[PDB]
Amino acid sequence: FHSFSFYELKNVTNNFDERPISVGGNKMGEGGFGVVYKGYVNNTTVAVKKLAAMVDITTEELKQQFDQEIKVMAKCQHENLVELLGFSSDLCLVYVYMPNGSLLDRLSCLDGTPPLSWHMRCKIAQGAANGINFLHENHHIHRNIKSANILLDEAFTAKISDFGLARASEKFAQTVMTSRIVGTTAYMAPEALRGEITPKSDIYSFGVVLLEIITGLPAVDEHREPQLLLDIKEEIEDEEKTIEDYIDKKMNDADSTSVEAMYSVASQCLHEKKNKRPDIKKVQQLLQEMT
């Protein structure tokens, strides 16, 4: 990886211009642990993520995720993984530019982009599953699978991002002692919330992403019934509603059999008991057969 000086990263991002792209600024996105800026360097467009405490998190904790991202990215290069180009040590990571942003942005139709077709959503789901299969074959657990961590290039190819929490070893990691767990709780499996590290947790989180794809709704919304998206599984199983009641209205090309087929996959991924979920290879097979 290339070691960029901090000052030249400041230059190429128009002095880290935090105005949106619309008004001629460089801000592309924001999360709990940083802001992502569009940059121009070496006759190319790049993305620069500058780490910062936007939510409650310490400097030492951010430095750990910075070092972990670089260690994992050095071992993991794949069609369905975002490519790290370099770094600078504030702490900056530099990536290949993804012009179609995150899956979350595109499902919300941010900045008046047109809705994703059913067929495009199926191909993105397949791409993301192939990304997770690479990681699991190479004995990695992502630990932060969500629509904001699925990026889209010129061809709408799915690229998994954010490897700051990724681990190379399985753990039970539960005692009567107080502990600190990091993650996005709206996407997290029961055993993941309690602190267990297993690839079976990545399957559950993928299940939540499949529901976002079907419904076009965010994983959590305070001003909604239900607030958690994964709760609709019970609503449908109790025959109180159907999947048809939750399908994204903005889709016109979603045949019932194909949508029913994807919900069944999502339902299996969202089993409370981790041993009762399909493995990633079974998820790949099922997605391929219905598309």
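Residues carry their position along the shown sequence, with the first being 1.
The entry models residue 89 and residue 90 with a gap of 1 to 3 deposited residues left without coordinates. Taking the PDB entry as given, 244 to 252 carries the higher mean Cα B factor of the two stretches 244 to 252 and 62 to 70. As the entry records it, the average C-alpha temperature factor is higher for 213 to 221, out of 213 to 221 and 129 to 137.
When the CA B factors of the chain's modelled residues are split into thirds, the value for residue 23 lands in the highest one.
When the modelled residues of the chain are ordered by C-alpha B-factor, residue 175 sits in the highest third. In the PDB entry, residue 155 places in the lowest third of its chain by CA B-factor. Residue-level temperature factors show residue 268 in the lowest third of its chain, judged at the C-alpha atom.
Split the chain's modelled residues into thirds by C-alpha temperature factor. Residue 99 is in the lowest one.
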